[PDB]
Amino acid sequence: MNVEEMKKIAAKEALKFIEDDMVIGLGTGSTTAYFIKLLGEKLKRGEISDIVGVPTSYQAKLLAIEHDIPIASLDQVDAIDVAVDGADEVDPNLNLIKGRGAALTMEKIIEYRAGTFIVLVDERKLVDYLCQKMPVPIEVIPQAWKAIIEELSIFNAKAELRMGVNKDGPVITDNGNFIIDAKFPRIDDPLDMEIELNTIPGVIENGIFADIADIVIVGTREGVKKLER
């Protein structure tokens, strides 16, 4: 029904979870962008009120501003009620890979504190197992990049430094860091792999989001589907 349609419906269904007076974590990427626009429209209409967004990236912040959604940083609010974001993969147990957009650090910081974490994606993102289709982004302190890559050979990860297109050299994240894309053949224990990667000195955050998503809203070629756990 066209990918973009599968994303928008996921995004429309997400609104059902947003109520007045909420603090909302605003995610990064094309699917969530739809949700942000739909949200600002509903605000303007008056059909929702007293919403504050906590953007997970400059992209989110800018879009929120354009659609006149009031925003605040995490340290300005007392709690994140609901957080809405995309994902690069969604496994059966609702473990995710995120980070294509390179905003994984702020995303986890905000989504970790959210009462409910809502994930929006289209059909393509569903996988049988993590790393079936995509690598795991890992944000690293620049000087540790090579060692980390070499250290990931124990897990047979083919890891590569992500490189800029609209700048020369490595992609730099919003926090001044490099981003390694690690294609594992498989990851059998996402939660513990998440922990493992974070215990490596130099690793800032990794794109495995396990034990964190509350609901996954999927946009199918035939309406909408939802995954819960």
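Residue positions are given as counts along the sequence shown, with the first one as 1.
Take the C-alpha B-factors listed in the entry for 75-83 and for 137-145, compute each mean, and give the stretch with the larger one.
So the stretch with the higher mean C-alpha B-factor is 75-83.
Greater mean Cα temperature factor according to the PDB record, 147-155 or 99-107:
It is 147-155 that shows the higher mean C-alpha B-factor.
According to the PDB entry, is the CA B factor of residue 212 in the bottom, middle or top third of its chain, that is, lowest, middle or highest?
Residue 212: CA B-factor falls in the middle third of its chain.
Classify residue 168 as lowest, middle or highest third according to the C-alpha B-factor given in the PDB entry, relative to its own chain.
CA B-factor rank for residue 168: lowest third.
So where's residue 162 on the chain's Cα temperature factor ranking, which third?
For residue 162, the deposited C-alpha B-factor lands in the lowest third.
Could you look up the Cα B-factor of residue 64 in the entry and say which third of the chain it sits in: lowest, middle or highest?
Middle third.
Chain-wide C-alpha B factor ranking for residue 47, given as lowest, middle or highest third:
Tercile = highest for this residue's CA B-factor.
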